[PDB]
Amino acid sequence: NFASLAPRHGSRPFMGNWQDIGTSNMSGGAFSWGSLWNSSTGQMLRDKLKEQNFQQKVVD
Amino acid sequence: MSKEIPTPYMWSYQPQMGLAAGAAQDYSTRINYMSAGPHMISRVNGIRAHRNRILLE
Amino acid sequence: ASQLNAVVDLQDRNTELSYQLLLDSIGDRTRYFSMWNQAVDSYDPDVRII
């Protein structure tokens with residue numbers, strides 16, 4: 001019916017899961033993809049650069 | 001142990017000559033049930049009997 | 001009642017190291033949990049490698 005106006009992955013309209021429709025509140029509500037004087041100029045730059053990507057559960 | 005359900009003997013190969021060397025009872029795969037009651041002990045004995053039937057045949 | 005033990009321990013097993021590896025595997029390790037004194041040992045990677 002409405003499959004026409006959907007991105008198509010090839011002769012198969014890419015309609016997502018319907019399970020997903022809105023609940024968050026204050027307890028029991030959590031979502032994935034969670035959070036995470038100069039002496040030695042060694043791994044300091046490495047740690048500064050380390051705050052640029054998490055591969056934790058990269059999904060694609 | 002028991003003369004009716006015995007732990008099997010496993011052959012040892014000598015690669016070099018091609019004959020079979022001496023064998024021995026299997027000593028690496030024994031089950032330690034020394035901390036079990038009669039139920040599981042009978043179950044394990046039945047299992048070893050099944051294994052022996054498979055081998056003989 | 002059953003005057004027989006139910007935990008069998010050999011000298012071969014290393015339960016300390018096994019528990020360490022399990023803790024590493026199931027969850028993150030660098031986090032600190034004071035309940036079990038759960039602090040993992042480490043070095044400054046600048047001290048180890050100059």
# chains A, B, ... in the order shown; residues from 1 in each chain; ligands from 1
$ residues_around --residues "residue 1 of chain A" --least-positions-apart "5" --cutoff "12 Å" --atoms "only C-alpha atoms" --output "PDB file with C-alpha atoms, in the first residue's frame"
ATOM      1  CA  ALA A   6      10.124   3.755   1.032  1.00  0.00           C
ATOM      2  CA  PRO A  13      11.013  -2.227   0.145  1.00  0.00           C
ATOM      3  CA  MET A  15      10.199  -1.172   5.843  1.00  0.00           C
TER       4      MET A  15
END
$ select_by_dssp --residues "chain C" --states "alpha helix (DSSP H)" --output "number ranges by chain"
C: 15-26, 45-48
$ write_last_selection --atoms "N, CA, C and O atoms" --output "compact mmCIF listing (two decimals), in the first residue's frame"
# COMPACT_ATOMS: atom_id res chain seq x y z
N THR C 15 41.53 -21.59 39.97
CA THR C 15 40.27 -20.87 39.96
C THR C 15 40.47 -19.37 40.05
O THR C 15 39.64 -18.60 39.56
N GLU C 16 41.56 -18.92 40.68
CA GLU C 16 41.83 -17.49 40.75
C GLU C 16 41.99 -16.91 39.35
O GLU C 16 41.32 -15.94 38.98
N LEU C 17 42.87 -17.50 38.56
CA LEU C 17 43.10 -17.00 37.21
C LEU C 17 41.85 -17.15 36.35
O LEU C 17 41.55 -16.28 35.53
N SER C 18 41.12 -18.25 36.53
CA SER C 18 39.91 -18.44 35.75
C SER C 18 38.88 -17.37 36.07
O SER C 18 38.23 -16.84 35.17
N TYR C 19 38.72 -17.04 37.35
CA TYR C 19 37.79 -15.98 37.70
C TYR C 19 38.26 -14.64 37.16
O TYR C 19 37.44 -13.83 36.71
N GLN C 20 39.57 -14.39 37.18
CA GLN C 20 40.09 -13.17 36.59
C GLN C 20 39.70 -13.07 35.12
O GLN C 20 39.19 -12.04 34.67
N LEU C 21 39.93 -14.14 34.37
CA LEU C 21 39.62 -14.11 32.95
C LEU C 21 38.12 -13.97 32.72
O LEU C 21 37.70 -13.28 31.79
N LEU C 22 37.31 -14.61 33.55
CA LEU C 22 35.86 -14.48 33.40
C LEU C 22 35.42 -13.04 33.63
O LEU C 22 34.59 -12.50 32.88
N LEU C 23 35.95 -12.40 34.67
CA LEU C 23 35.63 -11.01 34.93
C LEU C 23 36.03 -10.14 33.76
O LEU C 23 35.31 -9.22 33.37
N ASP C 24 37.20 -10.42 33.18
CA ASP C 24 37.60 -9.68 31.99
C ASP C 24 36.63 -9.90 30.85
O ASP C 24 36.31 -8.96 30.11
N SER C 25 36.16 -11.13 30.68
CA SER C 25 35.37 -11.45 29.50
C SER C 25 33.96 -10.87 29.57
O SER C 25 33.53 -10.18 28.65
N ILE C 26 33.22 -11.15 30.64
CA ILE C 26 31.80 -10.85 30.63
C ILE C 26 31.56 -9.35 30.61
O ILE C 26 30.63 -8.86 29.95
N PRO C 45 51.72 3.19 30.52
CA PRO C 45 52.41 2.73 29.35
C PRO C 45 53.58 3.59 28.94
O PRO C 45 54.18 3.25 27.96
N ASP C 46 53.90 4.66 29.62
CA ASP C 46 55.11 5.45 29.41
C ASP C 46 56.25 4.98 30.30
O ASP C 46 57.42 5.10 29.93
N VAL C 47 55.93 4.46 31.49
CA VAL C 47 56.97 3.89 32.34
C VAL C 47 57.49 2.58 31.75
O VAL C 47 58.70 2.33 31.70
N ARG C 48 56.57 1.73 31.29
CA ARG C 48 56.98 0.45 30.72
C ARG C 48 57.79 0.64 29.44
O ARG C 48 58.80 -0.03 29.23
$ closest_atom_pairs --of "chain A" --to "chain C" --cutoff "9 Å" --atoms "only C-alpha atoms" --output "Markdown table"
| residue | atom | partner | partner_atom | distance |
| --- | --- | --- | --- | --- |
| A:40 | CA | C:46 | CA | 8.1 |
| A:42 | CA | C:46 | CA | 6.5 |
| A:43 | CA | C:46 | CA | 6.7 |
$ write_last_selection --atoms "N, CA, C and O atoms" --output "mmCIF file, in the first residue's frame"
data_model
loop_
_atom_site.group_PDB
_atom_site.id
_atom_site.type_symbol
_atom_site.label_atom_id
_atom_site.label_comp_id
_atom_site.auth_asym_id
_atom_site.auth_seq_id
_atom_site.Cartn_x
_atom_site.Cartn_y
_atom_site.Cartn_z
ATOM 1 N N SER A 40 54.941 14.363 31.356
ATOM 2 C CA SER A 40 55.426 13.513 30.279
ATOM 3 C C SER A 40 54.552 13.714 29.053
ATOM 4 O O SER A 40 53.340 13.481 29.106
ATOM 5 N N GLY A 42 54.096 11.994 26.430
ATOM 6 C CA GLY A 42 54.097 10.730 25.730
ATOM 7 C C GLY A 42 52.716 10.324 25.270
ATOM 8 O O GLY A 42 52.215 10.827 24.261
ATOM 9 N N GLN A 43 52.081 9.417 26.012
ATOM 10 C CA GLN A 43 50.753 8.945 25.651
ATOM 11 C C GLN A 43 49.667 9.983 25.893
ATOM 12 O O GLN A 43 48.487 9.669 25.702
#
$ residues_around --residues "residue 34 of chain B" --least-positions-apart "2" --cutoff "10 Å" --atoms "only C-alpha atoms" --output "list in words"
residues 31, 32, 36, 37 and 41 of chain B; 4, 5, 6 and 8 of chain C
$ residues_around --residues "segment 46-53 of chain A" --least-positions-apart "5" --cutoff "10 Å" --atoms "only C-alpha atoms" --output "number ranges by chain"
A: 36, 41, 58
$ residues_around --residues "residue 16 of chain A" --least-positions-apart "4" --cutoff "12 Å" --atoms "only C-alpha atoms" --output "list in words"
residues 3, 6, 7, 8, 9, 12, 20 and 21 of chain A
$ write_last_selection --atoms "C-alpha atoms" --output "PDB file, in the first residue's frame"
ATOM      1  CA  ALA A   3       5.590   0.606   0.323  1.00  0.00           C
ATOM      2  CA  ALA A   6      10.124   3.755   1.032  1.00  0.00           C
ATOM      3  CA  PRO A   7      13.850   3.316   0.388  1.00  0.00           C
ATOM      4  CA  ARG A   8      14.353   0.085  -1.511  1.00  0.00           C
ATOM      5  CA  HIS A   9      17.223  -2.357  -1.003  1.00  0.00           C
ATOM      6  CA  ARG A  12      12.247  -5.437  -1.509  1.00  0.00           C
ATOM      7  CA  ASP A  20       9.433   0.548  17.837  1.00  0.00           C
ATOM      8  CA  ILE A  21       7.020   3.300  19.045  1.00  0.00           C
TER       9      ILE A  21
END
$ closest_residue --among "B:5, B:54, B:33, B:49" --to "chain C" --atoms "only C-alpha atoms"
B:33
$ atom_distance --atom1 "atom CA of residue 9 of chain C" --atom2 "atom CA of residue 10 of chain B"
27.1 Å
$ residues_around --residues "residue 25 of chain B" --least-positions-apart "4" --cutoff "7 Å" --atoms "only C-alpha atoms" --output "PyMOL selection string"
chain B and resi 7-10
$ write_last_selection --atoms "N, CA and C atoms" --output "PDB file, in the first residue's frame"
ATOM      1  N   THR B   7      36.325 -50.317  32.622  1.00  0.00           N
ATOM      2  CA  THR B   7      36.821 -49.194  31.891  1.00  0.00           C
ATOM      3  C   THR B   7      37.569 -49.732  30.751  1.00  0.00           C
ATOM      4  N   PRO B   8      37.412 -49.175  29.594  1.00  0.00           N
ATOM      5  CA  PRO B   8      38.010 -49.769  28.435  1.00  0.00           C
ATOM      6  C   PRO B   8      39.433 -49.592  28.346  1.00  0.00           C
ATOM      7  N   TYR B   9      40.114 -50.318  27.466  1.00  0.00           N
ATOM      8  CA  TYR B   9      41.564 -50.222  27.294  1.00  0.00           C
ATOM      9  C   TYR B   9      41.774 -49.595  26.006  1.00  0.00           C
ATOM     10  N   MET B  10      42.712 -48.683  25.894  1.00  0.00           N
ATOM     11  CA  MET B  10      42.912 -47.936  24.662  1.00  0.00           C
ATOM     12  C   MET B  10      44.310 -48.211  24.136  1.00  0.00           C
TER      13      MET B  10
END
$ residues_around --residues "segment 28-30 of chain C" --least-positions-apart "5" --cutoff "9 Å" --atoms "only C-alpha atoms" --output "NGL selection string"
:C and (23 or 38-40)
$ write_last_selection --atoms "N, CA, C and O atoms" --output "mmCIF file, in the first residue's frame"
data_model
loop_
_atom_site.group_PDB
_atom_site.id
_atom_site.type_symbol
_atom_site.label_atom_id
_atom_site.label_comp_id
_atom_site.auth_asym_id
_atom_site.auth_seq_id
_atom_site.Cartn_x
_atom_site.Cartn_y
_atom_site.Cartn_z
ATOM 1 N N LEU C 23 35.954 -12.403 34.672
ATOM 2 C CA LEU C 23 35.625 -11.009 34.928
ATOM 3 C C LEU C 23 36.034 -10.140 33.757
ATOM 4 O O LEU C 23 35.307 -9.219 33.373
ATOM 5 N N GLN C 38 37.674 -4.744 43.496
ATOM 6 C CA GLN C 38 37.846 -5.075 42.090
ATOM 7 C C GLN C 38 38.640 -4.000 41.365
ATOM 8 O O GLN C 38 38.076 -3.185 40.632
ATOM 9 N N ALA C 39 39.950 -3.987 41.577
ATOM 10 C CA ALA C 39 40.852 -3.074 40.897
ATOM 11 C C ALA C 39 41.907 -3.886 40.166
ATOM 12 O O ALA C 39 42.616 -4.684 40.785
ATOM 13 N N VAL C 40 42.019 -3.676 38.866
ATOM 14 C CA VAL C 40 42.928 -4.454 38.038
ATOM 15 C C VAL C 40 44.292 -3.785 38.026
ATOM 16 O O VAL C 40 44.403 -2.584 37.761
#
$ closest_residue --among "B:35, B:22, B:3, B:17" --to "chain C" --atoms "only C-alpha atoms"
B:35
$ select_by_dssp --residues "chain B" --states "strand (DSSP E or B)" --output "MDAnalysis selection string"
chainID B and resid 9:13 20:25
